[PDB]
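Shown here is one chain on its own, the form deposited in one PDB entry, set out as structure tokens.
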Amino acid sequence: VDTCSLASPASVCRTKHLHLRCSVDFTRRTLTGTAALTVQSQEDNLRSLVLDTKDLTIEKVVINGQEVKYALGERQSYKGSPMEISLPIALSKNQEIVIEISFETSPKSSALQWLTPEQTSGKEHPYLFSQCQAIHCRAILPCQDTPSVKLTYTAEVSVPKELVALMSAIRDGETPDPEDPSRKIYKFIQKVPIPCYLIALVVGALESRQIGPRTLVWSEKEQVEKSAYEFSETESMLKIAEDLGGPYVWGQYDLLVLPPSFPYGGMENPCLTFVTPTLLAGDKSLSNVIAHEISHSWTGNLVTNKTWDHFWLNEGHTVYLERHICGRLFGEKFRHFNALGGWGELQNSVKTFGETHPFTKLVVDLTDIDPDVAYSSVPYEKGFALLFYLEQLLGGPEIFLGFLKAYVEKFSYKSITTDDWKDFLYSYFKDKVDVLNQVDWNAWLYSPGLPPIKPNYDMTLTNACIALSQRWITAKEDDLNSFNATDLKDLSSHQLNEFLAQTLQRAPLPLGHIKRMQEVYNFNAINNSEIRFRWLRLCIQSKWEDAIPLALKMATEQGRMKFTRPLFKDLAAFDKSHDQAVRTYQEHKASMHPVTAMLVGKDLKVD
């Protein structure tokens, strides 16, 4: 039972294939076309079925060349409206039919962001991008919008000829549009069965540069060169991931660097990972996001969560693999450093939500909950902590990686629950069941708050961050002169970020301390988005008025939710910037990504 979907479940019927034929209309801000769904009946005498839709305009439904009856139910908030389709003939079990739905998206589709030329790098062309995870595919096309159903797809997308279209699929050619010479049709093929949240589309003035044997980086021309350098470790990370998870089955691994309003750090769209331009630090320091997206090619894209209640399966295992890739490239001491950092991020999420909050549970119950509202570090970090705890309990990383590879092999091309995962863990580790029976499963999986046990972490790389953070926290006015730029000479950008995170956990600090920190460290000059984000939060929470224009600029010049949401919340909580935070949000609301706009609105209590 997928409580986030209004469609017929996989026990009734299953979509096997989607053939999408659409046109991108920038003037109307609509995608117009036909979604031809190959549906297989799982029941005898099947006469109707239900699909998910959200703000879609349906023109007609054609089956076997004839128009059929359909009805749209009442809208159920963020779940959208169920579409019931009357089949022209009753279907036997395993019988297939093609249902061709003519539709148009709304300009306010929650899956899409339409950008005017002014909102892009080049300033001459418009731009469009999609983001389906978790339940926004229904706001693009009618579908069984549930990760419990996997389908292949083909697509033909008509766009203005001066633009390029890309999808989460293999590029299958381009031709002039035979119905409009001012347009081009780009073709796509996704031969590997995927859940529909993995369907993705981008249309804009895109250029590409090859960075590996199976990787192109795509972006507007202005970002191509910086992107090619930033993500140069991609091929080496793909090779390590294959060693850990088995063959890469997707063919190509391309990267698309989106405009700054992209709401997430990355999105694992198959064949075409989408990334935030906030990774463009100039030193490859934020490349763990690429390692994370690459890992999803196994954990999430091959083995998928059956419902959103089991999303931790996707994230926990991906973070676990991501940390091993970075560990193979930079050492085991670095893997422990990132892991311990992740525990800190989990402490933060638990503190923010509250230790009894249901969203702090590993397995959640999303009935009547908008998944976008539940989104946090919890499934990532509590999921990772569980796996890291199990690794230590079970004999170490080599042993636990053996389980991960077998797990991916066992469940490839399937959608699974937490019970399916636990059963296989027990089956794989049959000779260690007595060890497994010591795990407090009810607490780990179903209880809110911090996990019952904290794993063991090597402290080598963390020690200098903790030492410097503690020097600042315990410093009195007569100690401020003892700080100097030399305090940072032996710290990597990762350690600098960790020093800020540690200090931020004890914020506010006195205003004189924060002013001294700028004087000696010149943190205002740092472009690295992670570091700048934590430094600006530290300044605002410490009531430094000078930081207000810097924090407002970062919150609005980019839209990665991880940065924009806490920056707006900190600015709203500071009396000196409260009014400016609310006004800036209201002024930018129309230009923002629809999900980000909704979430920042809720955070600020501005309707």
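Numbers follow the displayed sequence, beginning with 1.
Below, we turn to the form solved in complex with a small molecule, even though it does not appear here.
Heavy atoms of residue 380 reach within 4.5 Å of the small molecule in the entry with it bound, making it an interface residue.
In the entry with it bound, residue 375 approaches the small molecule with a heavy atom inside 4.5 Å. Put simply, residue 513 is far from the small molecule in the entry with it bound: not one heavy atom of it is within 4.5 Å. Within 4.5 Å of some heavy atom of the small molecule in the entry with it bound lies at least one heavy atom of residue 267. Contact annotation: the small molecule lies within 4.5 Å of heavy atoms from the stretch 282-290 in the entry with it bound, the single such stretch among 166-174, 239-247, 83-91, 282-290.
Proximity to the small molecule in the entry with it bound, defined as a heavy atom within 4.5 Å, holds among 220, 391, 254, 315 only for 315. This chain lacks the partner; the member of 47, 29, 562, 543 within 4.5 angstroms of the small molecule in the entry with it bound by a non-hydrogen atom is 562. Proximity of 17, 144 and 420 to the small molecule in the entry with it bound is absent: no residue of the three has a non-hydrogen atom within 4.5 angstroms.
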